[PDB]
Amino acid sequence: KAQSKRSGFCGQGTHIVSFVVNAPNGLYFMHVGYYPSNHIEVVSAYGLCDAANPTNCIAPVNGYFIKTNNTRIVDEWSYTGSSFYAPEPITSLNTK
Amino acid sequence: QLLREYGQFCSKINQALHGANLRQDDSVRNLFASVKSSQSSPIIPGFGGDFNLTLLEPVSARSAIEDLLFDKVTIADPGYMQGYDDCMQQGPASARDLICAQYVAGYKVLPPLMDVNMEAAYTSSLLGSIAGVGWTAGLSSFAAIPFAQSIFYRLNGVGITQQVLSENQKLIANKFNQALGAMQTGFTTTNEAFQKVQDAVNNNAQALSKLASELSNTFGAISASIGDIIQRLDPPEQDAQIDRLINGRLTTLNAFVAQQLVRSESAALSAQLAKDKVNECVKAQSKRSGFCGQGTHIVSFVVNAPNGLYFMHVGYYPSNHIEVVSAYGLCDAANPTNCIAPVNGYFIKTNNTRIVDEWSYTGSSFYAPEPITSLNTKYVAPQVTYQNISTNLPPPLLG
Amino acid sequence: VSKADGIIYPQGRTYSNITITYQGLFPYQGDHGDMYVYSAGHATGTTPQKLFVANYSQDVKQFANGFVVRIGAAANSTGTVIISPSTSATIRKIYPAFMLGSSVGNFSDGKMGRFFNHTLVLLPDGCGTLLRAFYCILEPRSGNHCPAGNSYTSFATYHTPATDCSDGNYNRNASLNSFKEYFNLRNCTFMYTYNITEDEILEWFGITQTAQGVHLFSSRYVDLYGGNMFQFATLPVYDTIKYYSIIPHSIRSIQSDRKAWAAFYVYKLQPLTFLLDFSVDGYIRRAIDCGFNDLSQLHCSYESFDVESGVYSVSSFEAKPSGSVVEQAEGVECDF
Amino acid sequence: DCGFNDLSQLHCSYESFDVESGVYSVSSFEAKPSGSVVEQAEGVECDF
Amino acid sequence: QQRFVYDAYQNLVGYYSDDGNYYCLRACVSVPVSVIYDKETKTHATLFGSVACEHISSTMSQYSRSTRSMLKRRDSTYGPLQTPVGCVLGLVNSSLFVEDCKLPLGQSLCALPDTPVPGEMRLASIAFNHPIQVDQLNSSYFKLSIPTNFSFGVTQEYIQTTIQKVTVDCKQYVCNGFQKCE
């Protein structure tokens, strides 16, 4: 009926969708799961604060702030989704 | 020759035991694969920082608390390597040792599928993963962070404010260490969990004891030994006496097989619960109350036990409760539509060093008056219950 | 056991396309057995000087539960004649002769192999055309080289291929007359003759004793090619048979022309539980002996010729006592 | 009387004059033998 | 004064001899035997329980059991190898590490059959699968391990919900429809 946040209760990996078909003595369940691969290690920061305003600070939502040295200035900070690695410009929508 | 006419009855007993043992091996393989974490941080001396969890660290391969738990349990361990040679000498028998008795009886205890070092390696990998699980839904992503940072994020989740955590960081570490110190003296007859571990060992010992006792028991014969009846009895009478002993021994083996099958089914269901507990509590903080530990669960540590997995759950316990006046929401008198509601907190009056009817924000888990701010407040539709303030408006309500 | 050598088919019933565990008299797996050879007699071109025989007649063996005999195991093959090592002749099937006695006695000269009044004698005749079984109590005859006679060496049976064995007719008393010369026949009881067809195909013969009577099993009657043994004859012998002997046979062939004779192997029968596989035709193509090895015990346990991969507990070895110790209060000593 | 009918057999089984609504298995009919066939060895009689 | 000494289970455990030396009594102990067999390669190896191999011998003349003969152990006929599970015959240590094995011997051990004539099975040890290791940085910046690739996998689970419903005619089963039995 619904995607399950709990891991391994339905299937290995991150469960996305499940389909159930009848079986001779029971119910047969097939669970589709998301499996990560080709993991890479990158430097990340817990939060970013303006030097001029210490009080003003942002924290990533469902993501990690990551340093970008590719096709960008040194010390640039970008937002990536936790599940998949994609550098993206930091925006109000992805920050709290 | 009398047993040969019985034929398959002995074979069926052997086949049932063989199937149960294979099922137990499958259960061990399934449980440990779930226990293992895809990404882990290597254990280092001082792992934990201000939090002293050195009793969880492996002594250069078991942990210190795992060794203590295995030491304080009264378990007779079969040699596995040269065990038969050790029982050849034996010396004066102590408490009818089952392992030495097993060779004479013919029953044998199979070695466990995983080595003590192998099981410890799975536990060590899990311990590294807990610190770096990742606050932002990192199910497929590992963020390597200090154990101290992970504890602060969990405490923020329970509702204690970050500012209080920074002020009491030394106090929180000291209080956590005291709870961990208690675990070392925790194992005792009074402790229920320690008793459960001893009971599981006792249940296994009873089944082996029953087999040894039944051989001593004599059913409708002058002597338990087949040879002793043969020397003292004529051949026609010998067959009847031998048959009575055979029937009793076969019945005992059938009863033992049925008991083992019942025990195996219970263990398999219990193993599934242990796998669920590892994912629900050890891997992540659990919002559900009492599923893992009493109070508000923060972190869980799991160590191997003789017949199962031993889980220690750290919990947050409230004390010195006080009663304070609180408001559902605050709205500007000038603008009725504009209203604020506390997030993970309760609005409270501030009569201390402040004007009467002043409003402050406190975290739900711990009582600390704090200035109301946009971060701790969420704008909400106006309600009759919500109070209206004509003066000293908190910044969020400032039009 | 894989080729089901020396397996007696259950006489009670037939089974089709099923694998079952059956308890019956069976030979041990891997048993070499006892090998007996028959050779041509010594000859000098036109006249055979004397029979050439082994000491099988002197040897006496316990009947036990009965025995199975492999006959004509090697046929139509190059072979060396026993009497002359240099001479080489094509191997031909030969039929064994058995003398079974309830009791054993010494000979007049004290030689072994003499038997008491109750004797069962089976001898092939006419180049193996027929087999005869008779109690025929044996009485020793006094003659040169005869059992009661002086200079006795051994008792044997002989046939002449030139005269006794012919395509037109086969002498059916040649072996019987040779037996008569060594032993007189007195108070003979039942006499039974069974005709045998002539071929070089391997065949199996088994004999067992039961309360109903002595039972004779021959592969040729039902499964000659298979070698499965089915009972073909019943002998009314009620005395227990405790001993049996092999009667040596010598062929009085011309020295120039001789034929090699196939050795016959005798295997003892022991009560055993055997996994038996039955074909749609119902013959036992393959069998398994649980006693021989641990893997065979597993195959019998699961009653299948195929066992899945795994580690299986098997019967444990038991320590064997080095010596016996007796301690008791002294019997006391009589005083002189 | 339990023997007369299947419903009476159910009443005797539960030892109650009232039986709850349901589907209950009852004694199965057994086919009667139509005839007798005998096959014997030709002769081979015992000698008296 | 009482020469015979018995345990709680009335089994003789001690005796006083006429010589006056007390002798402890131990029942003769059997040697446990188990067989490792692979159906595909038809390779068989024997593990002698927990024995240290001093007692075991290829002839096995000292120990007598119902089974007529042991495994042939022909061809290489390698000498018995002592292992943590116990003395083993037909196994040669291969120093090989396997993530998983079809046949386990115990504690970490596997018997690997040689590919097909197939050679004697080789003793092997299971190797713990090592998770990706991410170091914790001393600096405020924290190392992060994030996947650049993704895959979809289907996990199949069967949960029995029902068992066969069987109704038995007890009277017919017990009497086989015979009036005298009824």
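Protein chains get the first letters and strands the later ones, always in sequence-line order, with residue 1 at the start of each. Note that these values count all heavy atoms, side chains included, but never hydrogens, waters or copies made by symmetry.
- Using a cutoff of 4.0 Å between basic side-chain nitrogens and carboxylate oxygens, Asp59(C) and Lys61(C) are scored as salt-bridged.
- No part of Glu330(C) comes within reach of chain E, as not one of its non-hydrogen atoms sits under 4.5 angstrom from that chain.
- Heavy atoms of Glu318(C) lying under 4.5 Å from chain E belong to its backbone as well as its side chain.
- Considering only heavy-atom pairs separated by less than 4.5 Å from chain C, the leading option among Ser34(E), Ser30(E), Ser64(E) is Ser64(E).
- The choice from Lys39(E), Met70(E), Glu40(E) that makes the most heavy-atom pairs within less than 4.5 Å of chain C is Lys39(E).
- If you measure heavy-atom distances from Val35(E) to chain C, the contacts under 4.5 Å come from both the backbone and the side chain.
- The pair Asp114(E)-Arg122(E) counts as a salt bridge, with a side-chain nitrogen and a carboxylate oxygen less than 4.0 angstrom apart.
- Checked for salt-bridge contact, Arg3(E) and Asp18(E) meet the test: a charged N lies under 4.0 Å from a carboxylate O.
- Only the side chain of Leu103(E) comes within contact range of chain C, with heavy atoms under 4.5 Å apart.
- Salt-bridge formation is detected for the pair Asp5(C)/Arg70(C): a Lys NZ or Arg NE/NH1/NH2 atom is positioned less than 4.0 Å from an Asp or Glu carboxylate oxygen.
- Ion pair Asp294(C)/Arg65(E) flagged as a salt bridge, since at least one NZ, NE, NH1 or NH2 atom sits closer than 4.0 Å to an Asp/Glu carboxylate oxygen.
- Between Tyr243(C) and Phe63(C) there is no side-chain heavy-atom pair separated by less than 4.5 Å.
- Between chain C and the residues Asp38(E), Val31(E), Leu71(E), the largest count of heavy-atom pairs under 4.5 Å involves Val31(E).
- Using a 4.5 Å cut-off between heavy atoms, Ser17(E) contacts chain C through both its backbone and its side chain.
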